[PDB]
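*Asks:* Sequence and experimental coordinates follow.
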Amino acid sequence: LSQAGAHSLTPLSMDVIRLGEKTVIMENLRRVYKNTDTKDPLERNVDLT
Amino acid sequence: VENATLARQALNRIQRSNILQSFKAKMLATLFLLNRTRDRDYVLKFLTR
Amino acid sequence: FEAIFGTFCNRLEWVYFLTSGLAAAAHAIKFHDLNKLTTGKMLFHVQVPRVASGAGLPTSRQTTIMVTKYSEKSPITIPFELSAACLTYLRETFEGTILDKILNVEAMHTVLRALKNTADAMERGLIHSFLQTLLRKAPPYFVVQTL
Amino acid sequence: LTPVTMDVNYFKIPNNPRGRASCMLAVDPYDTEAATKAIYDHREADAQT
Amino acid sequence: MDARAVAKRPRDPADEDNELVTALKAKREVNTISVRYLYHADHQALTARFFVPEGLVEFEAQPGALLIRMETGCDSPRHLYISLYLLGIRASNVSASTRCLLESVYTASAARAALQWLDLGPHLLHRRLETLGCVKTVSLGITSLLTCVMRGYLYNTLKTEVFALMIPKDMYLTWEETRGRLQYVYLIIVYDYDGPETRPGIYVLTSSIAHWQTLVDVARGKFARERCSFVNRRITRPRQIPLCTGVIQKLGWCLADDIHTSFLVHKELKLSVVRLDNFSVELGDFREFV
Amino acid sequence: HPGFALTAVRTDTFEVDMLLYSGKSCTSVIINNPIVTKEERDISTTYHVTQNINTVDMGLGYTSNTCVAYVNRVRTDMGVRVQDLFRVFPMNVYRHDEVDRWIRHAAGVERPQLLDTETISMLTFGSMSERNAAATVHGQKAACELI
Amino acid sequence: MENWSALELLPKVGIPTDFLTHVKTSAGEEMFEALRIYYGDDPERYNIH
Amino acid sequence: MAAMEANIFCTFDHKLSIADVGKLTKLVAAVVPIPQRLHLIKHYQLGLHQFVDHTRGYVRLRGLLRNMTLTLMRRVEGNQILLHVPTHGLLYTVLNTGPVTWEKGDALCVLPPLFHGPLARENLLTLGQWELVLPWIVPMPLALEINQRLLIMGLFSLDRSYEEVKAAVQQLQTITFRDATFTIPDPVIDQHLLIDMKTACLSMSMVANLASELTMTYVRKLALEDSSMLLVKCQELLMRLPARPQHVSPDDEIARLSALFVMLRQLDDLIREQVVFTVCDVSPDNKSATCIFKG
Amino acid sequence: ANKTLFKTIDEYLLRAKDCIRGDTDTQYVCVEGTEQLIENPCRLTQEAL
């Protein structure tokens, strides 16, 4: 599985936050769901009793 | 702008009710802004919004 | 008179799975015999570190731990459709007048737009399916922090 | 003119002085029978209270 | 036969040049007639041409009218071609105001003759009727020409427009709350056995059910009163030998989302109809039930 | 006051935004090229594009975390309105006809009425007996259950 | 009332659209006069006269 | 709107062993029913298993199967199944899943399975307590026998004593057809059989009312001058009781027979089953045949 | 549901959730897939607040 990976790589821009020597990427997927008929699965309902 | 992301066709009953409640609450809260409050962060946030 | 000041078209924001930040969580691989396989598995062999003990305490034995993992399946689909008139004007030209040429180029542009839209929908569907499964496997904050 | 026993808590929040809710944003658009039933039918519970 | 012959995928009907072009190319002779493209060459629908007198053509000028063949009981015209609207006059299901309207529309000698022939004989109505299909053309004249499809979709020469099927609103019938995705449409004639004479009801039913027995069970549930009337006449009035309480004929299939409500205009009078946008005809025979 | 002190239970539904963390190359997705399929009819044609994606999880523990970051509204009214058992058990009647009529009139309950097939469908595949109100201002009704 | 066929046939200038709400919500809630919606492929643009 | 799909892809979300896929491959060209049409469906909706219910009645299962749409299975892949919806009048290859023997030229009907032999054939795709139950494709005489047995049991159940009802159900439920023995499972009497009983009673009443004296007297008159095994076995069923016809009127006879035909059709329909296939070929091992689809 | 901790968490993530119709005035239980499932932590702790 690891040896099947791609050999070429390309640069692209994104936002990053520092979390104690761990660096992670911040992204919102608003653009993919903008005018579609499907609901964003990160917008959810939760209920309490 | 708060409810823009959930409705993806003509509004149903519950979405209309939520919009109405937001209308009433915000209209009551922000009627006379500069007489109501004078703190810096709130005014900057309001203008940004 | 009446005036038309401009006719406008919607320019769609094309998205790709590989250009998203979400793909960082993914290791994307293409497999042309994918429909041929039923299930894929991985095997793990673990032996535990050990530590000597003093008088009176029972000594720990050697133990071997072996586990297995399995894959998942989730296909996605998009239709697109064309009218018989569009196919006729795509193929056929009558008398070669200006209006007939306009209709021909209209049919060609319709099929091009349909293909572009379908490809973009496939990219979005791939992202959506990946996000769904990723959400399915993820437990909440209180569970992981307690662990 | 109101009965002396009218609920005093009714006056402590914004309400319709008529005694029943009549906001049309709650009713489906162009649904005349639903609107009339909402504002007038006293066999149907008032939406606000 | 050889391997290459088997492997060869079939010829495209559209990339082979037609017979007339083949002959002209073979002789290398020109002709004034444009020949490169043959119209209707790829219409899969089956059509027929019918002649009809001027008086009967009303509300059938627009495409989408259901066309019926009626028996006159005579040798001079033998058969006449009438629409469902004309049967609207005789049907008890239609309301009084609509009956008056479309009775004022058909004020012609031919239409009145059709009505007299229909009521004259002793047979039941369905024995006098034969369904042809849906019409999509008109060429007006003292004798008008109608072309009707009897298997297929409704569309013009280039398929640039698909025609619907128009049903008058009083005749439209549904028996399910939420429609199935695929809908079959049927023609129903049901007889009420009152004292003096039988009053026929005429309906066009849209249903998701394709099985005959289940459909007839639902129909018998919906038409219990007419079955009671049938048995009551059988008891009270011997030597009258009625047959059937109703007949059901299948004609067509359409998708539930294609169903819409609309109106028709003729001589600045408005008739209200139900509209089946992408209807395709598939005719059956009259099956009778009790 | 009657001699019991019933307690009520109800659920309120919230509309929330969630935050998900996932680790780099936590899972690998394997895909094939999309396959197209044609269906022909007289008036139009439609093309179906299908791609089957297959995924496998590549961590010996929970590799993704989720949290309920933000909530902004209550979909339900949080009311004190109690649902009628006459709707949830739509076929129980008092054995005495006059007593049944009197009880239903006092409680304000509609007369039961069902066909054979309607009853069968309701029992097997529940129907939505309660119709919507004329207007709603507080949202969905959170019906209280009493014990 | 508008000539939709002329809009479909004539060349257009491409812009990035910025509806605040969902486009179908804007249509269903009647943000605009002179709306038309159709699904799939509608051949009516092909019959010039 | 979205035109109805002719090709349906089915995917199992349960994991499949090599034995399961091997079992699936054998089922190509068989008939599988589905409740709804989509381009891509889940395996739960596939087959007759979804309707198995505590009611257990054979009649209600027969009613449910009548309303499902029939598809043929095209070739299988890994974890995928392709189904095709046949069209009226075209020619198809179909697989004989059940133990019933087919013959050239007869008509086939679809019917819920009834158990046979050791009752150990049920290896079909048991995974996650879902099972691949398929209907039987049977020739017309066997379907007519099954429906006739069910209706006769229903009619006989009325007013007969409980123990003799049990005995009649025991003797009627078993069927020998084309040198094989079958037995109907769960012959429950309920509302579904009750409606058929009501229609049968109505049709028989109307037939008895309509029939002319000539029709009634034909059998009685024939026995006075004919003699055959058919006749003597025929007259044993009847209640034991020169001249000229009291009334001759061909027009009345014609009209009366015309109505009697409609009533006989009404009675016939409740045991008739719709023909789905007509066969003209057979594999000499009876495992497969080529048929014309109709309905 | 009396199972090992990790199996319990897994079934909590997958199965131990309920759905409710989002467009009707009263809470009707929906069928999975037609719309999004709802999370209920009270299902795990077996308590009410």
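*Replies:* Cool, the structure landed. Residues are numbered from 1 along each chain as shown, chains lettered A, B, ... in the order given.
*Asks:* Kindly provide the distance from the nearest residue to residue E:17 once chain neighbours are set aside to chain C.
*Replies:* Computed as Cβ to Cβ, 6 or more residues apart in numbering or on different chains, the closest residue to residue E:17 that is not its neighbour in sequence is residue E:25, at 7.2 Å. (C-beta placed from N, C-alpha, C; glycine too.) Distance, residue E:25 to chain C, using Cβ to the nearest Cβ, to the nearest Å: 19 Å.
*Asks:* does residue H:137 really touch residue H:101, like I thought?
*Replies:* No. The pair residue H:137 / residue H:101 is not scored as a contact, 11.7 Å apart, by Cβ atoms under 8 Å.
*Asks:* Of these two, which one has the most company?
*Replies:* The residue with more neighbours, out of residue H:137 and residue H:101, is residue H:137; 25 against 15, by other Cβ atoms under 10 Å in any protein chain shown.
*Asks:* Identify the residue spatially nearest to that one, adjacent ones excluded.
*Replies:* Here the nearest residue to residue H:137 in space, its sequence neighbours aside, is residue H:108; by Cβ to Cβ, 6+ apart that works out to 5.1 Å.
*Asks:* right, and the residue nearest to residue E:17 touches residue E:19 too?
*Replies:* No. Using Cβ under 8 Å, residue E:25 is not in contact with residue E:19; the gap is 10.7 Å.
*Asks:* residues contacting the most centrally placed residue in chain G?
*Replies:* Centroid-nearest residue in chain G, with Cα atoms, centre = their mean: residue G:36, separated by 5.6 Å. Applying Cβ atoms under 8 Å, 6 or more residues apart in numbering or on different chains to residue G:36 gives the contacts G:2, G:4.
*Asks:* Got phi/psi on residue E:196?
*Replies:* The phi/psi pair for residue E:196 (degrees, to the nearest 10) reads phi -70, psi -60.
*Asks:* Distance-wise, check it relative to chain F.
*Replies:* Per Cβ to the nearest Cβ, residue E:196 is found 34 Å from chain F.
*Asks:* Skipping adjacent residues, who's closest to the residue of chain B at minimum distance from chain F in space?
*Replies:* Proximity of chain B to chain F (Cβ to the nearest Cβ) peaks at residue B:17, 4.7 Å away. Leaving aside its chain neighbours, residue B:17 sits nearest to residue F:139 (4.7 Å; criterion: Cβ to Cβ, 6+ apart).
*Asks:* Could you check how many residues crowd around the one you found?
*Replies:* By the measure other Cβ under 10 Å, the count of residues near residue F:139 is 24.
*Asks:* unless I'm mixing things up, it is touching residue B:14, no?
*Replies:* Yes. Applying Cβ under 8 Å, one finds residue F:139 in contact with residue B:14, separated by 5.5 Å.
*Asks:* For the two, list the residues in contact with both.
*Replies:* Shared contacts of residue F:139 and residue B:14, counting by Cβ under 8 Å, 6+ apart, come down to residue F:75.
*Asks:* And the residue of chain B closest to chain F, how far from chain E?
*Replies:* Here residue B:17 is placed at a distance of 25 Å from chain E (Cβ to the nearest Cβ).
*Asks:* and the gap between that residue and residue F:135?
*Replies:* Residue B:17 is 9 Å from residue F:135, where distance means Cβ to Cβ, to the nearest Å.
*Asks:* and the helix ranked longest in chain F, which residues are buried?
*Replies:* Longest helix in chain F by number of residues (criterion: DSSP state H): helix F:97-107. Of the residues in helix F:97-107, F:100, F:104 count as buried by neighbour count, 16 or more other Cβ atoms under 10 Å in any protein chain shown.
*Asks:* can you give me the strands for chain I?
*Replies:* In chain I, no strands are defined using DSSP state E.
*Asks:* Equivalent analysis for the stretch 51-200 of chain H, please.
*Replies:* For the stretch 51-200 of chain H, applying DSSP state E, counting those that start in this stretch gives strands covering H:69-77, H:80-84, H:91-95, H:107-111, H:136-139, H:174-177, H:180-183.
*Asks:* Turn those into CSV, columns for distance to residue E:109.
*Replies:* As requested, the strands of the stretch 51-200 of chain H are exported to CSV (distance: least, Cβ to Cβ, whole Å):
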stretch, distance to residue E:109
strand H:69-77, 50
strand H:80-84, 55
strand H:91-95, 52
strand H:107-111, 51
strand H:136-139, 57
strand H:174-177, 64
strand H:180-183, 66
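*Asks:* which non-adjacent residue is nearest the residue most central in space within chain A?
*Replies:* Centroid-nearest residue in chain A: residue A:27, 4.9 Å away (criterion: Cα atoms, centre = their mean). Leaving aside its chain neighbours, residue A:27 sits nearest to residue C:21 (3.7 Å; criterion: Cβ to Cβ, 6+ apart).
*Asks:* for residue H:134, same thing?
*Replies:* Nearest residue to residue H:134 in three dimensions, chain neighbours excluded: residue H:97, at 5.7 Å (Cβ to Cβ, 6+ apart).
*Asks:* Against residue H:113, how distant is that neighbour?
*Replies:* Distance of residue H:97 to residue H:113, computed by Cβ to Cβ: 9 Å.
*Asks:* Over to residue E:277?
*Replies:* Per Cβ to Cβ, residue E:277 is found 41 Å from residue H:113.
*Asks:* In contact with residue H:60, which residues?
*Replies:* The contact partners of residue H:60, taken as Cβ under 8 Å, 6+ apart, are H:53, H:190, H:192.
*Asks:* if I pick the last one, what's in contact with it?
*Replies:* With contact taken as Cβ under 8 Å, 6+ apart, residue H:192 is in contact with H:57, H:59-60, H:63.
*Asks:* how much space between it and chain E?
*Replies:* Distance of residue H:192 to chain E, given as Cβ to the nearest Cβ: 10 Å.
*Asks:* Is chain I within reach of the helix or strand harbouring residue F:123?
*Replies:* Taking DSSP states H and E as the criterion, the element that holds residue F:123 is helix F:116-124. No. Residues of helix F:116-124 are not located near chain I by Cβ under 8 Å from any Cβ of the partner chain, the shortest gap being 13.3 Å.
*Asks:* Give me the distance from that helix to the chain's centre.
*Replies:* The chain centroid and the centroid of helix F:116-124 are separated by 20 Å, computed with Cα atoms, centre = their mean, to the nearest Å.
*Asks:* Much appreciated, bye for now.
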